[PDB]
Protein chains: 4
Amino acid sequence: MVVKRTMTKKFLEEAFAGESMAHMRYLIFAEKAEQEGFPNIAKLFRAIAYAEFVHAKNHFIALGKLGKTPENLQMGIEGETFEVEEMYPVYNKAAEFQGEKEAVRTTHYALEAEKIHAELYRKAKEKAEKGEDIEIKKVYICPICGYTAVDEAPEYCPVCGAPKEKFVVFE
Amino acid sequence: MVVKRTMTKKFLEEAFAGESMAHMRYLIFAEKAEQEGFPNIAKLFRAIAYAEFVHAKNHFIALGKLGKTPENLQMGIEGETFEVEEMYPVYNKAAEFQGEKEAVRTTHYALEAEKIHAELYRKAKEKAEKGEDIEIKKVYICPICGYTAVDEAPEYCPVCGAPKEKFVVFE
Amino acid sequence: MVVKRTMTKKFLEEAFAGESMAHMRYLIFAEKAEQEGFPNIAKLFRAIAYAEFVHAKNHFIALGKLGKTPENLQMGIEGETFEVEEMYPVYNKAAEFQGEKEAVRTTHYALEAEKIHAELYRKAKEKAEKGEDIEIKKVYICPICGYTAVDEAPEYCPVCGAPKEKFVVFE
Amino acid sequence: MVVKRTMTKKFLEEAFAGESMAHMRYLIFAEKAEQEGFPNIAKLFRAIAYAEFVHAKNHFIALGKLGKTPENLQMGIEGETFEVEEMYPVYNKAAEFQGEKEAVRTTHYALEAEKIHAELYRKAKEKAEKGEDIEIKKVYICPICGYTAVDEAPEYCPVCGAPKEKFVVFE
Ligand SMILES: [Fe+3]
Ligand SMILES: [Fe+3]
Ligand SMILES: [Fe+3]
Ligand SMILES: [Fe+3]
Ligand SMILES: [Fe+3]
Ligand SMILES: [Fe+3]
Ligand SMILES: [Fe+3]
Ligand SMILES: [Fe+3]
Ligand SMILES: [Fe+3]
Ligand SMILES: [Fe+3]
Ligand SMILES: [Fe+3]
Ligand SMILES: [Fe+3]
């Protein structure tokens with residue numbers, strides 16, 4: 001049965017947040033580990049990150065927020081809408097007011113590339129409540145300021161201007 | 001340059017936490033999606049999860065929390081120490097007090113498998129500050145209890161009791 | 001006095017082997033009897049097994065093979081080393097070539113669970129030659145594959161996956 | 001199913017004999033270990049003896065020799081008859097011919113105490129082919145010659161002459 005008590009629900013939510021942060025940290029660590037002269041430490045980081053993923057997935061299953069995909073896409077849609085509409089403009093304005101180049105640059109890379117996720121998820125949801133799988137192939141992603149390019153791939157990234165060969169393909 | 005003003009630091013930390021949460025949720029949704037009649041939805045889910053990972057990595061680099069591998073391993077060591085000493089025992093006792101099965105089960109799985117991660121990180125670190133890479137191969141992770149097996153893999157899982165065929169190989 | 005003539009020594013060794021086999025058979029028969037509606041036949045079997053043990057001990061001592069604890073531990077070390085290094089691998093290979101699943105299973109359990117006994121005996125000998133006893137409590141033995149667990153007990157059996165409750169405890 | 005191939009059967013029989021002998025050897029060693037300033041090595045000895053008992057039981061069942069209670073009692077009857085009628089008289093005669101006092105003493109103690117088991121087993125088998133149990137209680141065993149005394153125990157040992165309080169009781 002789903003967890004109903006408030007205090008333990010808060011405890012499990014905080015544990016899930018910590019596990020997600022740890023998994024992100026390990027995934028980031030592995031990239032620099034393989035950039036140096038240690039190709040095995042990256043393997044260790046990847047394995048431990050997968051262990052953290054398993055922990056966080058168990059915590060997510062316990063709280064009971066995961067179900068059928070047609071209703072599951074709505075949470076992603078709402079999260080993307082919140083990230084693009086409200087949270088990011090305020091952070092960009094605050095970073096402009098305080099005057100940090102790095103924060104402004106990162107927020108600018110963020111809000112301009114997060115716009116397509118909501119549209120893609122809405123299309124996927126309205127095409128996937130009848131029992132059929134959507135027709136999509138070769139989703140491309142920029143490795144610096146990831147811009148979800150669908151099917152075809154632009155020669156240069158409109159946001160950062162990276163060359164096409166750097167795109168990480170998914171198939 | 002690292003962010004020094006307090007408000008921008010808080011905002012970027014919150015953004016990093018949100019992006020990590022988004023990545024983990026998208027990964028879980030992808031794993032559920034591939035388990036049913038829609039194969040191509042998981043591709044989109046994993047692509048957008050990679051995009052969230054890129055955003056989180058940019059936010060993490062913005063706060064300048066990344067250094068060389070010797071110092072990188074210290075953060076993991078401290079995180080594992082805190083996860084296995086302070087948080088999980090208290091959460092398990094609270095879940096026992098309130099009397100719910102799922103939280104106790106998940107915390108029981110979690111607290112019995114995080115003791116080896118600190119030892120692995122310490123072993124990697126002592127070999128990393130000298131200039132060489134450790135030797136490791138065939139790392140197994142249980143997909144129903146997160147249990148790190150080094151090199152040899154037991155026939156049955158000493159935590160959940162799953163056969164050695166169910167494990168996942170990270171080579 | 002100890003027996004020195006050859007044929008007397010051969011006869012005593014054969015008698016020792018016969019008494020040991022009879023004691024094992026009576027123990028197995030008693031264990032089977034307890035699993036039925038005859039609880040007193042098990043008592044008779046246990047008493048007669050103890051009598052066979054007394055006869056076997058007399059035969060063994062008459063050969064002059066009982067010494068202080070160091071030499072007994074050394075003899076156990078040699079026996080365990082021979083059991084794990086030479087006999088069981090060849091027996092398992094021959095059984096697998098012939099094609100009987102029960103023989104392969106039994107020999108697999110025997111050569112997987114007999115590896116610690118030698119290390120325990122050598123540690124005990126190292127701690128029991130100066131003049132002191134070895135600190136150890138609450139040993140665990142599996143009832144379906146003979147798995148030794150010292151002090152702590154794993155949640156599950158790494159060899160057969162038998163639950164924790166089924167472990168027999170010696171203290 | 002039963003093992004039918006010849007060489008696998010031979011290897012299983014040899015392993016059964018070896019495990020039984022090792023179990024008896026460690027049972028013998030435990031009593032001397034606890035009779036010294038090392039009262040905890042007996043715990044290890046008994047735990048390893050139980051593990052070898054499990055291994056020997058596995059080998060015994062692999063051969064398919066365990067059956068219902070009447071068949072087990074018949075096997076015990078045959079074994080005891082062979083042990084008393086043919087083996088021990090010849091062993092005693094050979095020991096007397098060669099001239100060893102210890103072997104003669106041991107065989108003398110054995111052949112004058114093993115004569116009471118066959119009738120006990122015959123009575124138990126006669127009373128066990130009727131769903132009912134035999135009616136015995138408080139079996140006494142001598143510690144230095146294995147004298148099986150049923151119910152009432154003599155004040156002294158008719159074979160060696162040890163007092164009654166040295167007997168071990170099973171009830
Ligand atoms: Fe963790
Ligand atoms: Fe997004
Ligand atoms: Fe770009
Ligand atoms: Fe996002
Ligand atoms: Fe961890
Ligand atoms: Fe497991
Ligand atoms: Fe007997
Ligand atoms: Fe006998
Ligand atoms: Fe052994
Ligand atoms: Fe087992
Ligand atoms: Fe053995
Ligand atoms: Fe006696």
# chains A, B, ... in the order shown; residues from 1 in each chain; ligands from 1
>>> select_by_dssp(residues="segment 26-168 of chain C", states="alpha helix (DSSP H)", output="ChimeraX atom specification")
/C:26-34,39-62,69-82,88-98,101-113,116-127
>>> calpha_fit_and_write(fixed="chain D", moving="chain C", output="compact mmCIF listing (two decimals) with C-alpha atoms, in the first residue's frame")
# COMPACT_ATOMS: atom_id res chain seq x y z
CA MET C 1 17.04 -38.48 -9.75
CA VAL C 2 19.12 -41.23 -8.16
CA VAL C 3 22.58 -41.86 -9.59
CA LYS C 4 22.84 -44.97 -11.76
CA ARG C 5 26.26 -44.73 -13.41
CA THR C 6 28.91 -46.84 -11.71
CA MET C 7 31.76 -44.36 -11.26
CA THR C 8 29.45 -41.61 -10.01
CA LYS C 9 28.09 -44.07 -7.42
CA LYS C 10 31.63 -45.04 -6.38
CA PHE C 11 32.69 -41.40 -6.04
CA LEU C 12 29.60 -40.56 -3.99
CA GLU C 13 30.21 -43.53 -1.68
CA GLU C 14 33.83 -42.50 -1.15
CA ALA C 15 32.73 -38.92 -0.46
CA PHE C 16 30.18 -40.18 2.07
CA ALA C 17 32.86 -42.20 3.86
CA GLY C 18 35.21 -39.20 3.90
CA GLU C 19 32.54 -36.86 5.27
CA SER C 20 31.61 -39.35 7.99
CA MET C 21 35.24 -39.77 9.04
CA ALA C 22 35.73 -35.99 9.07
CA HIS C 23 32.63 -35.53 11.23
CA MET C 24 33.86 -38.15 13.70
CA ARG C 25 37.32 -36.55 13.84
CA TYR C 26 35.82 -33.12 14.49
CA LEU C 27 33.60 -34.49 17.26
CA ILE C 28 36.61 -36.12 18.94
CA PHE C 29 38.67 -32.94 18.57
CA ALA C 30 35.88 -30.84 20.10
CA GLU C 31 35.57 -33.25 23.03
CA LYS C 32 39.33 -33.01 23.60
CA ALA C 33 39.19 -29.21 23.33
CA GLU C 34 36.52 -28.92 26.04
CA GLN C 35 38.95 -30.73 28.37
CA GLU C 36 41.37 -27.77 28.10
CA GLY C 37 41.30 -24.00 28.44
CA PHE C 38 39.80 -23.30 25.00
CA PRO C 39 35.97 -23.53 25.13
CA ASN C 40 35.30 -21.62 21.89
CA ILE C 41 37.48 -23.83 19.68
CA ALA C 42 35.08 -26.60 20.71
CA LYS C 43 32.17 -24.47 19.45
CA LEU C 44 33.94 -23.99 16.12
CA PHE C 45 34.62 -27.73 15.89
CA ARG C 46 30.98 -28.57 16.63
CA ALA C 47 29.66 -26.13 14.01
CA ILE C 48 32.04 -27.43 11.35
CA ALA C 49 31.11 -31.00 12.33
CA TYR C 50 27.46 -30.11 11.74
CA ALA C 51 28.42 -28.73 8.32
CA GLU C 52 30.20 -32.00 7.51
CA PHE C 53 27.06 -33.83 8.65
CA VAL C 54 24.95 -31.78 6.23
CA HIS C 55 27.33 -32.62 3.38
CA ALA C 56 27.28 -36.31 4.33
CA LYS C 57 23.47 -36.32 4.44
CA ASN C 58 23.35 -34.73 0.98
CA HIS C 59 25.74 -37.38 -0.36
CA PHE C 60 23.74 -40.18 1.29
CA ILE C 61 20.36 -38.97 0.02
CA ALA C 62 21.74 -38.40 -3.49
CA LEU C 63 22.38 -42.16 -3.63
CA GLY C 64 18.69 -42.89 -2.95
CA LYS C 65 19.35 -44.90 0.22
CA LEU C 66 16.85 -43.09 2.51
CA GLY C 67 13.46 -44.83 2.89
CA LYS C 68 10.66 -45.06 5.43
CA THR C 69 11.35 -46.19 8.98
CA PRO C 70 10.85 -49.98 8.37
CA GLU C 71 13.56 -50.15 5.69
CA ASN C 72 15.93 -47.95 7.69
CA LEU C 73 15.47 -50.21 10.72
CA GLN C 74 16.10 -53.24 8.51
CA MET C 75 19.33 -51.68 7.24
CA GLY C 76 20.39 -50.99 10.82
CA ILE C 77 19.54 -54.59 11.70
CA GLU C 78 21.75 -55.92 8.91
CA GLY C 79 24.60 -53.60 9.85
CA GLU C 80 24.46 -54.54 13.53
CA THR C 81 24.25 -58.26 12.73
CA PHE C 82 27.31 -58.03 10.49
CA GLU C 83 29.18 -56.00 13.11
CA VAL C 84 28.52 -58.46 15.93
CA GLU C 85 28.66 -61.81 14.11
CA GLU C 86 31.58 -61.55 11.66
CA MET C 87 33.88 -58.53 12.03
CA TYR C 88 34.63 -58.15 15.73
CA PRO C 89 35.35 -61.83 16.61
CA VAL C 90 37.95 -62.08 13.83
CA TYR C 91 39.42 -58.68 14.69
CA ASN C 92 39.73 -59.70 18.35
CA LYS C 93 41.35 -63.02 17.44
CA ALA C 94 43.88 -61.33 15.15
CA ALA C 95 44.66 -58.66 17.75
CA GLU C 96 45.16 -61.30 20.45
CA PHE C 97 47.46 -63.30 18.17
CA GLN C 98 49.52 -60.20 17.36
CA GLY C 99 49.74 -59.24 21.04
CA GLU C 100 48.46 -55.70 21.60
CA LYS C 101 46.48 -55.19 24.80
CA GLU C 102 44.74 -52.00 23.65
CA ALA C 103 43.35 -53.58 20.47
CA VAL C 104 42.13 -56.62 22.42
CA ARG C 105 40.51 -54.37 25.04
CA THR C 106 38.75 -52.19 22.45
CA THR C 107 37.51 -55.16 20.42
CA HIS C 108 36.39 -56.95 23.60
CA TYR C 109 34.31 -53.95 24.63
CA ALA C 110 32.92 -53.61 21.10
CA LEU C 111 31.87 -57.25 20.81
CA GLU C 112 30.51 -57.35 24.38
CA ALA C 113 28.42 -54.14 24.30
CA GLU C 114 27.02 -54.29 20.73
CA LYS C 115 24.79 -57.35 21.25
CA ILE C 116 21.58 -55.53 22.35
CA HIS C 117 21.34 -53.01 19.52
CA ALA C 118 20.03 -55.64 17.10
CA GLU C 119 17.35 -56.83 19.53
CA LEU C 120 16.29 -53.23 20.22
CA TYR C 121 16.07 -52.48 16.49
CA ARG C 122 14.05 -55.60 15.71
CA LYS C 123 11.66 -54.91 18.60
CA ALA C 124 11.26 -51.33 17.36
CA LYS C 125 10.59 -52.57 13.82
CA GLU C 126 7.99 -55.05 15.09
CA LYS C 127 6.27 -52.27 17.05
CA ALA C 128 6.69 -49.69 14.21
CA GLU C 129 5.31 -51.47 11.10
CA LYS C 130 1.61 -51.46 12.13
CA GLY C 131 1.48 -47.66 12.57
CA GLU C 132 2.35 -46.89 16.20
CA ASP C 133 5.34 -45.75 18.24
CA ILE C 134 7.27 -47.84 20.78
CA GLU C 135 6.96 -46.89 24.45
CA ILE C 136 10.49 -46.23 25.75
CA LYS C 137 12.08 -43.56 27.94
CA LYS C 138 15.41 -42.61 29.52
CA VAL C 139 18.04 -44.62 27.67
CA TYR C 140 21.51 -44.86 29.23
CA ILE C 141 24.91 -45.04 27.51
CA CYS C 142 28.26 -45.68 29.21
CA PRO C 143 31.05 -43.17 28.39
CA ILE C 144 34.01 -45.65 28.48
CA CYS C 145 32.72 -48.83 26.73
CA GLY C 146 29.43 -47.98 25.02
CA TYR C 147 27.00 -50.05 27.18
CA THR C 148 23.29 -49.62 26.30
CA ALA C 149 20.79 -49.58 29.17
CA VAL C 150 17.08 -49.20 28.28
CA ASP C 151 14.52 -47.64 30.72
CA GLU C 152 16.29 -48.81 33.93
CA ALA C 153 20.00 -48.34 34.60
CA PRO C 154 22.22 -50.87 36.41
CA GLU C 155 23.99 -49.65 39.53
CA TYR C 156 27.39 -50.40 37.97
CA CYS C 157 28.80 -51.22 34.55
CA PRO C 158 28.90 -55.01 34.03
CA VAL C 159 31.66 -54.56 31.43
CA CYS C 160 34.07 -52.03 32.97
CA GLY C 161 32.65 -51.24 36.42
CA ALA C 162 32.08 -47.54 35.83
CA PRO C 163 29.87 -46.00 38.55
CA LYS C 164 26.25 -45.14 37.85
CA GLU C 165 26.72 -41.35 37.85
CA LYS C 166 28.97 -41.53 34.76
CA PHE C 167 26.19 -42.86 32.52
CA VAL C 168 24.90 -40.36 29.97
CA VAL C 169 21.12 -40.18 29.70
CA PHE C 170 19.05 -39.71 26.55
CA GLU C 171 15.41 -38.64 26.85
>>> select_by_dssp(residues="chain D", states="strand (DSSP E or B)", output="list in words")
residues 139, 140, 141, 148, 149, 156, 163, 168, 169 and 170 of chain D
>>> decode(residues="segment 121-148 of chain B", atoms="N, CA and C atoms", output="mmCIF file, in the first residue's frame")
data_model
loop_
_atom_site.group_PDB
_atom_site.id
_atom_site.type_symbol
_atom_site.label_atom_id
_atom_site.label_comp_id
_atom_site.auth_asym_id
_atom_site.auth_seq_id
_atom_site.Cartn_x
_atom_site.Cartn_y
_atom_site.Cartn_z
ATOM 1 N N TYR B 121 35.555 3.722 -2.581
ATOM 2 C CA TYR B 121 36.052 5.062 -2.873
ATOM 3 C C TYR B 121 37.389 5.323 -2.191
ATOM 4 N N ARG B 122 37.551 4.868 -0.947
ATOM 5 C CA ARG B 122 38.828 5.049 -0.263
ATOM 6 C C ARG B 122 39.940 4.276 -0.960
ATOM 7 N N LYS B 123 39.649 3.045 -1.390
ATOM 8 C CA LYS B 123 40.643 2.253 -2.104
ATOM 9 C C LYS B 123 41.032 2.916 -3.419
ATOM 10 N N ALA B 124 40.053 3.467 -4.139
ATOM 11 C CA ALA B 124 40.364 4.179 -5.374
ATOM 12 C C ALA B 124 41.187 5.432 -5.098
ATOM 13 N N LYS B 125 40.861 6.157 -4.026
ATOM 14 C CA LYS B 125 41.565 7.399 -3.725
ATOM 15 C C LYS B 125 43.015 7.142 -3.341
ATOM 16 N N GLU B 126 43.284 6.100 -2.560
ATOM 17 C CA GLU B 126 44.695 5.912 -2.135
ATOM 18 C C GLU B 126 45.531 5.614 -3.386
ATOM 19 N N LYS B 127 44.938 4.951 -4.386
ATOM 20 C CA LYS B 127 45.674 4.670 -5.610
ATOM 21 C C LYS B 127 45.666 5.838 -6.591
ATOM 22 N N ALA B 128 44.819 6.845 -6.373
ATOM 23 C CA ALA B 128 44.668 7.931 -7.334
ATOM 24 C C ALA B 128 45.618 9.095 -7.086
ATOM 25 N N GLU B 129 45.960 9.377 -5.830
ATOM 26 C CA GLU B 129 46.852 10.485 -5.517
ATOM 27 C C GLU B 129 48.300 10.199 -5.888
ATOM 28 N N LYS B 130 48.632 8.952 -6.223
ATOM 29 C CA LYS B 130 49.983 8.599 -6.634
ATOM 30 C C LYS B 130 50.204 8.721 -8.135
ATOM 31 N N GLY B 131 49.164 8.533 -8.945
ATOM 32 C CA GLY B 131 49.263 8.722 -10.384
ATOM 33 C C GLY B 131 48.836 7.540 -11.233
ATOM 34 N N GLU B 132 48.317 6.457 -10.664
ATOM 35 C CA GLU B 132 47.942 5.279 -11.433
ATOM 36 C C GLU B 132 46.472 4.947 -11.211
ATOM 37 N N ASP B 133 45.953 4.078 -12.073
ATOM 38 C CA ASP B 133 44.561 3.661 -12.047
ATOM 39 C C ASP B 133 44.450 2.286 -11.398
ATOM 40 N N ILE B 134 43.332 2.067 -10.705
ATOM 41 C CA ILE B 134 43.071 0.774 -10.085
ATOM 42 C C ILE B 134 42.705 -0.251 -11.154
ATOM 43 N N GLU B 135 42.721 -1.520 -10.758
ATOM 44 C CA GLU B 135 42.359 -2.625 -11.635
ATOM 45 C C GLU B 135 41.039 -3.218 -11.157
ATOM 46 N N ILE B 136 40.051 -3.256 -12.047
ATOM 47 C CA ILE B 136 38.723 -3.750 -11.707
ATOM 48 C C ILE B 136 38.036 -4.171 -12.999
ATOM 49 N N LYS B 137 37.153 -5.162 -12.894
ATOM 50 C CA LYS B 137 36.437 -5.671 -14.053
ATOM 51 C C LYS B 137 35.221 -6.450 -13.573
ATOM 52 N N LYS B 138 34.176 -6.474 -14.406
ATOM 53 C CA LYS B 138 32.956 -7.246 -14.157
ATOM 54 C C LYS B 138 32.320 -6.860 -12.816
ATOM 55 N N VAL B 139 31.866 -5.612 -12.757
ATOM 56 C CA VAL B 139 31.141 -5.125 -11.587
ATOM 57 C C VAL B 139 29.655 -5.397 -11.774
ATOM 58 N N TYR B 140 29.067 -6.137 -10.838
ATOM 59 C CA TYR B 140 27.661 -6.514 -10.887
ATOM 60 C C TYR B 140 26.853 -5.665 -9.916
ATOM 61 N N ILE B 141 25.654 -5.270 -10.341
ATOM 62 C CA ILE B 141 24.729 -4.504 -9.516
ATOM 63 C C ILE B 141 23.380 -5.209 -9.524
ATOM 64 N N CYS B 142 22.839 -5.467 -8.341
ATOM 65 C CA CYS B 142 21.524 -6.080 -8.253
ATOM 66 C C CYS B 142 20.457 -5.087 -8.712
ATOM 67 N N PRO B 143 19.501 -5.517 -9.533
ATOM 68 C CA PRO B 143 18.442 -4.610 -10.000
ATOM 69 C C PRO B 143 17.203 -4.555 -9.120
ATOM 70 N N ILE B 144 17.305 -5.049 -7.878
ATOM 71 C CA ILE B 144 16.141 -5.055 -6.941
ATOM 72 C C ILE B 144 16.607 -4.843 -5.494
ATOM 73 N N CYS B 145 17.757 -4.200 -5.280
ATOM 74 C CA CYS B 145 18.271 -3.944 -3.912
ATOM 75 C C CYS B 145 19.588 -3.164 -3.971
ATOM 76 N N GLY B 146 20.048 -2.824 -5.168
ATOM 77 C CA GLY B 146 21.305 -2.078 -5.340
ATOM 78 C C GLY B 146 22.440 -2.651 -4.524
ATOM 79 N N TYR B 147 23.085 -3.736 -4.970
ATOM 80 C CA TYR B 147 24.123 -4.290 -4.110
ATOM 81 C C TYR B 147 25.376 -4.477 -4.949
ATOM 82 N N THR B 148 26.438 -3.758 -4.599
ATOM 83 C CA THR B 148 27.639 -3.702 -5.426
ATOM 84 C C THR B 148 28.459 -4.969 -5.222
#
